[PDB]
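Inspection log for the structure reproduced underneath, given as structure tokens.
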Amino acid sequence: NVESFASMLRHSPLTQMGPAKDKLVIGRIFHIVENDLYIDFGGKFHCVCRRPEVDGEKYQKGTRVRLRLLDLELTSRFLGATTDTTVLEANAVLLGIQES
Amino acid sequence: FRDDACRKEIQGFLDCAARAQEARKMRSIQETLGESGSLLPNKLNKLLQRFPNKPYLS
């Protein structure tokens, strides 16, 4: 009675989440380069949001924030290309700190 | 063509030349060093070479 892979994918949050467009997710800051913040939110790629001016200090490594996802992977095809061009990152908006 | 009755006019033409001279000097260095709006070709071509267009298969 070993669980299959098709059952994992059906009951996964991402799968049930549906389209990421304007979805509120919870991220975790894992790397900070100056103001820029690199945030994982259970997806394939991270998002790079800039430090909020109002309360910059609170955003350290580990801080869990709220995001509004737009894309899960920024891709586009341009004039003459045979494949899509990917920047290897997600697009999302930082909505502050997850105040548990 | 007497410079004793047109003194006021000459100052306008002189003071202006001084102001224009400084502006030309400030503009040349500042635009390249200063980062405002669009990037420069040299800095934008370092970004387009990291994501080159691929019209071939690999």
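Just so it is clear, none of the values below were taken in a lab; they were calculated from the coordinates. As a convention, Cβ positions derive from the backbone with ideal geometry for all residues, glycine included, and neighbour counts pool all protein chains shown.
Taken over region A:12-22, residues that are surrounded by 10 or more Cβ atoms within 10 Å (Cβ to Cβ) and part of a loop (DSSP other than H, G, I, E, B) amount to 3.
Checked against the criterion of being loosely packed, with under 10 Cβ neighbours inside 10 Å, part of a helix (DSSP H, G or I), out of contact with any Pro (no Cβ under 7 Å at 6 or more places or on another chain) and more than 14 Å from chain A (Cβ to nearest Cβ), region B:41-48 has at least one qualifying residue. So which of A:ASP36, A:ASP71 ends up being without any contact (Cβ under 8 Å) to a residue 60 or more places away in the chain, surrounded by 14 or more Cβ atoms within 10 Å (Cβ to Cβ) and not polar (S, T, N, Q)? Every option except A:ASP71 fails the conditions.
Taking the criterion of being of a type in the set (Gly, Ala, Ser), out of contact with any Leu (no Cβ under 7 Å at 6 or more places or on another chain) and either in contact (Cβ under 8 Å) with a residue 24 or more places away in the chain or more than 30 Å from A:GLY96 (Cβ to Cβ) (or both), the residues of region A:5-29 that qualify are A:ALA6, A:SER7.
Being surrounded by 10 or more Cβ atoms within 10 Å (Cβ to Cβ) and of a type in the set (A, V, I, L, M, F, W, C) holds for only one residue in B:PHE1, B:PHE51, and it is B:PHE51.
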